[PDB]
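These are the residues of each chain, in order.
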Amino acid sequence: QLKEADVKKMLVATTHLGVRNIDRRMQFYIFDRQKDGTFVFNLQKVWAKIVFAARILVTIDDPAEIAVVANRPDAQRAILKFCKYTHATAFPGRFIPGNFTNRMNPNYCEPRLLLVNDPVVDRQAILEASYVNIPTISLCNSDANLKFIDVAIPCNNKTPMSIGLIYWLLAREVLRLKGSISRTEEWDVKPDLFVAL
Amino acid sequence: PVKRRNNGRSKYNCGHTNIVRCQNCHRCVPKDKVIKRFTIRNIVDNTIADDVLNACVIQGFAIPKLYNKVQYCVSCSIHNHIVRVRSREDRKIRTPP
Amino acid sequence: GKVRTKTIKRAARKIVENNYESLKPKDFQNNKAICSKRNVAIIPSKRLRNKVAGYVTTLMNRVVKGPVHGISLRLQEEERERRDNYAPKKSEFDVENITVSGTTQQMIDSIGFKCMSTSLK
Amino acid sequence: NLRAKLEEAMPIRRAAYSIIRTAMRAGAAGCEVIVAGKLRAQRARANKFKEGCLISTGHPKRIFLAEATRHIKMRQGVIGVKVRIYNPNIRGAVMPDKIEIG
Amino acid sequence: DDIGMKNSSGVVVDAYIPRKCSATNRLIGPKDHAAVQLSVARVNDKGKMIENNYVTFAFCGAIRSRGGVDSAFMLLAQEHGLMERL
Amino acid sequence: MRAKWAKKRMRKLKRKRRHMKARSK
Amino acid sequence: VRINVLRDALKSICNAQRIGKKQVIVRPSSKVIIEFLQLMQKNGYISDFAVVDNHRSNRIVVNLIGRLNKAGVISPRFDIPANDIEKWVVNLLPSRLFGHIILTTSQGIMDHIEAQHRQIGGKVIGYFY
Amino acid sequence: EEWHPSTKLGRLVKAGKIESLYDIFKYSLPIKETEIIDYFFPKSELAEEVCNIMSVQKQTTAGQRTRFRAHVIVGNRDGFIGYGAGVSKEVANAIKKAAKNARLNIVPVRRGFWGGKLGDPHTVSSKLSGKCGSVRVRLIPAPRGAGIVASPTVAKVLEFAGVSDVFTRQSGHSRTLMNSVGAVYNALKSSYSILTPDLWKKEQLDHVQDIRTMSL
RNA sequence: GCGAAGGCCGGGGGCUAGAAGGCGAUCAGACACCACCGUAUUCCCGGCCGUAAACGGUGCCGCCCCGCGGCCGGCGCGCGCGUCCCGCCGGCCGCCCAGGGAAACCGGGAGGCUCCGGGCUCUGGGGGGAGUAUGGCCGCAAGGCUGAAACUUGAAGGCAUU
């Protein structure tokens, strides 16, 4: 059930774009290659992944158990807004190893789900997930390593416009399943809040 | 213990390579194993270059550059610090330092 | 030739992140007076107290003269919050700015919706 | 108490471990017991059993420690026991470096 | 029926019956710490809202180290109707 | 090279035995 | 070149199960492979096997149900006394109750259990559990 | 003093939300509290023996420091075994570290019938094998008439598993004890991860029976 | 059958280096390292010889096996259109998830192996004695190839840690 408004926003957002390097796991999602070399994503496949992630994200009884981790400076605002507009527990910047496994660690969350901006950048959390049975969802690019990631969303994840709009789009669907949004009317929260200047 | 995958040499799909001579030690080294640095340094020093350019009575003169490929043996090169012993992990690392 | 120890640095940084308003930027003595209050902090000795005060007057100059890392000040925290919360008044972001990749038009065609009847180029 | 407990021939580790407990319970943050001599052997050795953090140097050490030296006598020879107990809460003042900052 | 070891009587004597994951089908170990169970909700009819009828897909740590879960999740989603085959 | 020099020294002993046998013959 | 074809294919089936791939393509096809696959399908360790017939040796595409631990060939195809087939099972197969040693008999290719049922000895094609 | 849970699993265990130890093993959950093992095993804990302490030394400028590593096997007599090792300068503290670690790594053991099934699993369910360092031990299902046939260290952990009869065969540096017991530990953790035909029924999808789902 | 170098038998050659040798120095002594000189040799032809850390220290013929790139030799798929892209590749390679190992490390295998069996040929069985003794064969020689025993003895060895 793709919506025209978000797709036109994605066209400005460049979510339809990916790095020239490409991976076989994400080959299904990608549509083609620009003659410049840049890889162009299938927007509807991204939206189907975004809606799928929402269904998974809501199941957890406390939306405080999903953990949003970003070390990318650009994504920090996105995952903090998402944690504020929704109810996720933010673990931004350096993840601090043993956060998910060390009980005597200053923060020792036991999350039921994980959220990652970049598979390579936020690698510490995805390894930590393995030690304590935590599934993970990530914002993957065209070349990414899907190791230890249960579901991945095809997106730039290096574009501030793309990172912010994706988190906004994800937020809209997660609370839509809880009835706190509109469905067929625009969310009052705007995508420019998720994006840093 | 095999210290290096290369085995110290870049001979691949080969059995024998040209012998070369350490420029200081005058020793015979396999061409692949030799240091093989290259210098394009000019003939006269940078300071002398201004004095010589003012002295030259021909217009458009530029200092001639001198080109040589310095090949040194492992013992010769490490001693004069052309290359350096590296840490086990830093030995794997390549690239000009 | 005077490098402060961790204890001096740690105590001074709590003093600044809490009583920033009491401290003054260039004068050690006003900062030393704040250290002398005792209700704010317990400082054993005169030299120990002077060192915490001296670092705290440098910290006070530094926090007014640009942000200092690791300094938890509530008033500065509000200042970023209004800046972060404010988004463009007309919310001008995508603004229906269109612009596609040549390959993207074919991908949009692949879905079959064909946004804007292929006038996206 | 240790020197006389050691005489009944109790385990030397157990002796120190029991004494270590009664000092920490009485409040000492730092407890140190070192028994040195020809223990269960014909050769010298020193056996430090310690529970907690003890200051070992400076002016605080003079007023904040309780070093007591006794010389046990044994058929093998003298196996002197040394016990040092450190109390930060000495009520005479505060540790020179202890910044309360509350 | 009654997965486990049925005795000569037919009583199950296999204590806890391990979980064969939804893709690879290898039994989840007693100490298989990377086993992950992720649940996707069903939108209830018209409304874009939950029904508390979420279906749960288990994923063993062997196919997760491979990274095979994202593809396996997608295929299995259409098998349980959480997506269209496209 | 002790092993290379040790092989050389066995060779010499082998020649001495081989030649001594001829004188004995 | 390929002297044993069953072994090369069975190794591929086990290798695909390791990387969790349902469908495998076996490049060499044979009647012994055909029968070995049929017996595994009956015991449900493998699912339907479809042979793409070619004008040459033939290839088989086998759908796997993810339920085979290991398969194997015995080279050479030894002679087993019917009485000592139990010894072959005790060592090669884990547990007398579970696992199948696949034999060849003048009556036909048969299961170790069926071989015991009529007490006929034979040659071991291989083994699957 | 008493136990105060620092782990979410511990809080559920303290409440009594988790009925059996096996429930956490269905979800293959880590046990980070030895106190949780006591909750399911409160009378005399589990049978634990300290099987040989080997002195270990690090050369230093002054001399060789000495630290002790102890290997402890915690187990009951039925489908529950744990092996851990602990390093401490004081032998006693190291024995405690091993026993606590062994409690943190309790693992279920399958158990089964060699050829004849009566009322009790009397032997290992399969030819379970494991390898720690050079050593490799294979535990072969044995008839109920046969006893557990293994060397004294491996027999000890096979008694704690409660495998009444086994035909173990060990190859490698079995003389190295730590490595030998570790192989007999990894063989028993393999038992509950070996797919067998009886386990081919298809299901799961518990959802509310999930241990993460439970809440204080 | 072929086989680096050194050597050898006999010619051709003979610049350069340079096993021998001689001489300076250097040292307590160097007759060694460093100068300097220089015979055999180094080069060519006709034979020998049959060895090298002749090493990827990893036989050969297969079968499957995951990513990430590079290079070289063909061949296609297209595309404005370029020694571009994308495959198929035949090899040469780097890195590596599983997997393997005592580990170093391999992962184009050293994987698919105690859950041990595709086929073939070779080799090893604690260390010395000993690659010696003796017999054979081959060589002009130097030697090479085959190859013990008496006796002696608790380690030798691998890879890693401090």
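Scope of this entry: the structure provided in the associated data block. Numbers attached to residues count from 1 within each chain as its sequence is written and can disagree with those in the entry; no residue without coordinates is shown. Note on labels: chains are lettered from A, ligands numbered from 1, in written order. Taken from a larger assembly, the chains shown here are the sole basis for all values reported. The side-chain values count all of the structure's non-hydrogen atoms but skip hydrogen atoms and water molecules. Residues with missing side-chain atoms are left out of burial classes, side-chain pairs and their counts.

## What to know about the sheet that holds strand β3 (residues 81–88) of chain H
Residues and elements named next belong to chain H.
At step 1: In short, DSSP must find at least two bridges between two strands for them to pair. Runs of E in the DSSP output that reach at least two residues are strands. Runs of H or I that reach at least four are helices, and both are numbered from the N terminus. The antiparallel open sheet is built from three strands, whose spatial order is β1-β2-β3. Strand pairing shows two members of the sheet lacking a second neighbour, β1 (47–59) and β3, which therefore form its edges. When the angles between neighbouring strand axes are averaged without regard to direction, this sheet yields 15°.
At step 2: Sheet topology note: the strand β2 (residues 64–75)/β3 ladder contains eight bridges and is antiparallel. Here an angle of 0 to 180 degrees is reported between the N-to-C directions of two axes, which are lines fitted to C-alpha atoms, with helices fitted over the stretch in contact.

## A few points about the state of the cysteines
Residues and elements named next belong to chain B.
At step 1: Sulfur atoms of two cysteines make up a disulfide when they are within 2.5 Å. The full count for this structure, using the stated rule, is three disulfides over all chains.
At step 2: Two residues, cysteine 22 and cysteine 76, share a disulfide whose sulfurs are 2.1 Å apart. With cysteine 22 in the loop between β1 (19–21) and β2 (28–30) and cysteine 76 in helix α2 (residues 74–79), the pair connects residues that are 54 residues apart, well separated along the chain. Just as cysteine 22 is buried, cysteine 76 falls in that class too.
At step 3: In this model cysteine 73 forms its disulfide with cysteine 76; the gap between the sulfur atoms is 2.1 Å. The sign of the S-S torsion, about 110°, decides the handedness of the disulfide formed by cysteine 73 and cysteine 76: right-handed. Accessible area is worked out with a 1.4 Å probe on protein chains only. A residue is then buried under 20% of its type maximum, exposed over 50%, and partly exposed in between.

## Side note on the pattern of salt bridges
Residue and element names in this part refer to chain D.
At step 1: Only one rule defines a salt bridge in this text: a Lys or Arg side-chain nitrogen within 4 Å of an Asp or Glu carboxyl oxygen. One pass over the structure, following the stated rule, counts 30 salt bridges over all chains.
At step 2: The salt bridge partner of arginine 21 is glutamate 51, with a shortest N-O separation of 3.2 Å. Of this pair, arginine 21 sits in helix α2 (residues 12–25) while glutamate 51 sits in strand β2 (residues 45–51), placing them 30 residues apart in sequence.
At step 3: Look at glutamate 51 and you get buried, because its relative accessible area is 18%.

## Let's talk about the interface of chain G and chain E
At step 1: We call two residues in contact when some of their heavy atoms are within 4.5 Å. Opposite the seven residues of chain G that make contact, chain E presents five residues.
At step 2: In this description, buried area is defined as the sum, over both parts, of the accessible area (probe of 1.4 Å) that is lost when the two are combined. For the pair chain G and chain E, the summed buried surface comes to about 340 Å²; carbon and sulfur atoms form 41% of the total.
At step 3: Pairs of N or O atoms within 3.5 Å make up the polar contacts considered here, provided that, within protein, one atom can donate a hydrogen while the other can accept it, and that residues adjacent in sequence are counted only when both atoms are side-chain atoms. The tally of links from chain G across to chain E stands at two residue pairs in polar contact.
At step 4: Each residue is assigned to one class: nonpolar for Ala, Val, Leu, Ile, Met, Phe, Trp, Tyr, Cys and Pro, charged for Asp, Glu, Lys and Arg, and polar for all the others, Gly among them. Its residues placed into classes, the side of chain G that touches chain E shows two nonpolar, three polar and two charged.

## Remarks on the nonpolar core
At step 1: Working definition of a nonpolar core: buried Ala, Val, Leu, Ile, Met, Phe, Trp, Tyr and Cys residues. They are joined through side-chain atoms within 4.5 Å. Within the largest apolar cluster, 103 residues are counted, with the highest numbers of intra-cluster contacts made by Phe52, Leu57, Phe82, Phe100 and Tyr167 of chain A together with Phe59 and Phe73 of chain E.
At step 2: Apart from residues lying up to four places away in sequence, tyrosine 167 of chain A is in contact with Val68, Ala78, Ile79, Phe82, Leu115, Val116, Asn117, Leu139 and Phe194 of chain A.
At step 3: Counting 32 residues, the second largest nonpolar core, distinct from the first, contains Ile3 of chain E together with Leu10, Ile13 and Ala71 of chain G.

## Side note on the sheet that holds strand β7 (residues 136–138) of chain A
Residues and elements named next belong to chain A.
At step 1: Read across the sheet, five strands follow the order β5-β4-β6-β7-β8 without closing on themselves; strand pairing throughout is parallel. Every other strand in the sheet has two partners, leaving β5 (89–90) and β8 (151–152) as the edge strands with one partner each.
At step 2: In terms of strand pairing, strand β4 (residues 66–69) meets β5 through two bridges, oriented parallel. When the bridges of β5 are listed, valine 68 appears paired with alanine 90.
At step 3: Across the sheet, helix α4 (residues 123–131) lies against β4, β6 (113–116) and β7, angled at about 165° from β6, the strand it touches most.

## A short note on the protein's contact with RNA strand I
At step 1: The rule for a residue being near a molecule or strand is that one of its heavy atoms must lie within 4 Å of it. Around RNA strand I there are 54 residues in total, and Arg5 of chain B, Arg15 of chain F, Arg18 and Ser75 of chain G together with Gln59 of chain H lie nearest to it.
At step 2: Considering the 4 Å shell around the protein, atoms of RNA strand I inside it are sugar or phosphate in 82% of instances.
At step 3: Within the side chain of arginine 11 of chain F, an N or O atom sits 2.9 Å from a phosphate oxygen of RNA strand I.
At step 4: If you list the elements that add at least two residues to the surface near RNA strand I, you get α3 (88–92) of chain B, α1 (2–24) of chain F, α1 (5–18) and α3 (85–92) of chain G together with β1, β4 (128–132) and β5 (135–139) of chain H.
At step 5: For the surface near RNA strand I, the element with the most residues is α1 of chain F, which contributes seven residues.
At step 6: By residue class, the composition of the surface near RNA strand I is 14 nonpolar, eleven polar and 29 charged.

## With respect to the packing of aromatic side chains
At step 1: Any pair of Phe, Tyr and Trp rings, taking the six-membered ring for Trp, is counted once the centres come within 6.5 Å. Such a pair is stacked with planes under 30 degrees apart, edge-to-face with planes over 60 apart, and tilted for the rest. A full pass over the atoms with the stated rule returns 25 aromatic pairs over all chains.
At step 2: Each ring, one from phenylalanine 78 of chain G and one from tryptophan 88 of chain G, has its centre 5.7 Å from the other, and the planes form 40°; the classification is tilted. Highlighted residues: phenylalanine 78 of chain G in the loop between β4 (71–73) and β5 (79–80) and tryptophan 88 of chain G in helix α3, separated in sequence by ten residues.
At step 3: A relative accessible area of 24% means that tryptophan 88 of chain G is categorised as partly exposed.
At step 4: Centre to centre, the rings of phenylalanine 41 of chain H and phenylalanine 80 of chain H are 5.5 Å apart; their planes meet at 85°, and the pair counts as edge-to-face. With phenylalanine 41 of chain H in the loop between α3 (34–40) and β1 and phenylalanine 80 of chain H in the loop between β2 and β3, this residue pair connects regions lying 39 residues apart in the sequence.

## Overview of helix α6 (residues 177–191) of chain H
Residues and elements named next belong to chain H.
At step 1: Working rule for helices: expected span equals 1.5 Å times residues minus one. With 15 residues, α6 should cover 21 Å at 1.5 Å per step; its first-to-last C-alpha distance of 22 Å lies within 8% of that length.
At step 2: Where burial is concerned, most of α6 is hidden: eleven out of the 15 residues are buried.
At step 3: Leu177, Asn179, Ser180, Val181, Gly182, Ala183, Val184, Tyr185, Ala187, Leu188 and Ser191 are the residues of α6 that are buried.

## What to know about a nonpolar patch on the surface
All names here are of chain B.
At step 1: Two distance rules govern patches: like charges are joined within 9 Å, and nonpolar side chains (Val, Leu, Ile, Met, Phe, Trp, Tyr) within 5 Å, applied only to residues with over 30% relative accessible area and no salt bridge. Only the protein chains shown count as covering a residue, and every accessible area follows the Shrake-Rupley method with a 1.4 Å probe. There is a patch of nonpolar side chains on the surface, built from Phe38, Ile40 and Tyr67 and spanning about 350 Å² of accessible area.
At step 2: With respect to the helices, strands and loops of the structure, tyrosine 67 is situated in the loop between α1 (46–55) and β4 (68–70).
At step 3: Its relative accessible area of 53% is what places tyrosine 67 among the exposed residues.

## Points about the interface of chain E and chain H
Many analyses report the size of an interface as the accessible area lost when the parts associate.
At step 1: Facing 30 residues of chain E, the contacting portion of chain H comprises 36 residues.
At step 2: Of the roughly 3000 Å² buried between chain E and chain H on both sides combined, carbon and sulfur atoms contribute 60%.
At step 3: Counting the surface chain E buries against chain H, the share from its top three residues, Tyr16, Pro30 and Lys31 of chain E, is 23%.
At step 4: Here chain E is connected to chain H by one salt bridge.
At step 5: Between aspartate 14 of chain E and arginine 110 of chain H there is a salt bridge whose closest N-O contact spans 2.9 Å.
At step 6: Where chain E meets chain H, there are 14 residue pairs in polar contact.
At step 7: It is strand β2 (residues 55–59) of chain E that provides the largest number of residues to the side of chain E that touches chain H, a total of three residues.
At step 8: When the residues that make up the side of chain E that touches chain H are grouped by side-chain class, the tally is 14 nonpolar, nine polar and seven charged.

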